[PDB]
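Below, in structure tokens: the form deposited in one PDB entry, a single chain.
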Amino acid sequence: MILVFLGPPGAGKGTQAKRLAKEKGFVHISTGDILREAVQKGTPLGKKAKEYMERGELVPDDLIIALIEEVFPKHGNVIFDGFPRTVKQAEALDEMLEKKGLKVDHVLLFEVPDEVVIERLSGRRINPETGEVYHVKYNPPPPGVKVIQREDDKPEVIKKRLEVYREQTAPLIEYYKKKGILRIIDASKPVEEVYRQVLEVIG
């Protein structure tokens, strides 16, 4: 089975993907995580991607599509978490899967309002050692655990990332709706509840 998690930044897509991968054995493909590790290690991809990400812009499709080809696993169920982000990327994903005898089974659309995305993103914190994602209010780091805020979770980059989401990524909703595989998730609910809905959606 192949899943795509779609929706605004801060919706809780990564948090759910990591849980689903962990408990149910999906391969988690987070273009976010892979890009950040590239940036940190300073690869050709990392150096090229770094500024797009810092500014809240999408990294160019060619770079991402190639990144997906490089990481797509030969076997196993897959969660596409943060990819595709454009219509071009969605077309590429279809072709790539079709060549492998595959297809996207379910697109979970993580619906959540702007005030919730801003609330979620501004309080997001990261454990630099473990990659564990926290939230200053909803799931705070344990006492004594040093965390960081991502530079792209600053107020003005969030604002940009949301315009970019609405401009470039939101058309994917009709794209997958037209195929009859769009599932709606009420992402505004607490973590446990969203996860139950995710499990119910996918069986």
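Rigid core here is just the name for the largest C-alpha set that superposes within 1.5 Å across the two forms. The first residue of the sequence shown is number 1, and the count goes up from there.
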With reference to the PDB entry, specify whether the mean Cα temperature factor is higher for 77-85 or for 94-102.
94-102
Of the two stretches 47-55 and 140-148, which shows the higher Cα B-factor on average in the entry?
140-148
Which one of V112, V71, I126, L108 shows the biggest C-alpha B-factor in the PDB entry?
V112
Going by the CA temperature factor in the entry, name the top one among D153, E174, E163, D33.
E174
Once the chain's modelled residues are ordered by C-alpha B factor and cut into thirds, is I202 in the lowest, middle or highest one?
middle
Pull the Cα B-factor of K178 out of the PDB entry and bin it into the chain's lowest, middle or highest third.
highest
Taking only the Cα B-factors deposited for this chain, tell me whether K41 sits in the lowest, middle or highest third.
highest
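Heads up, the form deposited in another entry isn't pictured, but that's what we're talking about next.
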Is the shift of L121 between the shown form and the other one large enough to count as movement, that is, does its C-alpha move by 2 Å or more after the core is superposed?
yes
For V27, decide whether the Cα shift between the shown form and the other one is 2 Å or greater, given a superposition on the rigid core.
no
Superposing on the rigid core, do we see a C-alpha displacement of 2 Å or more at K137 between the shown form and the other one?
yes
Outcome for the Cα pair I185, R124 in the other entry, compared with this form (closer or farther; change of 3 Å or more)
farther
Where do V39 and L97 end up in the other entry, Cα atoms closer or farther than shown, with a change of 3 Å or more?
closer
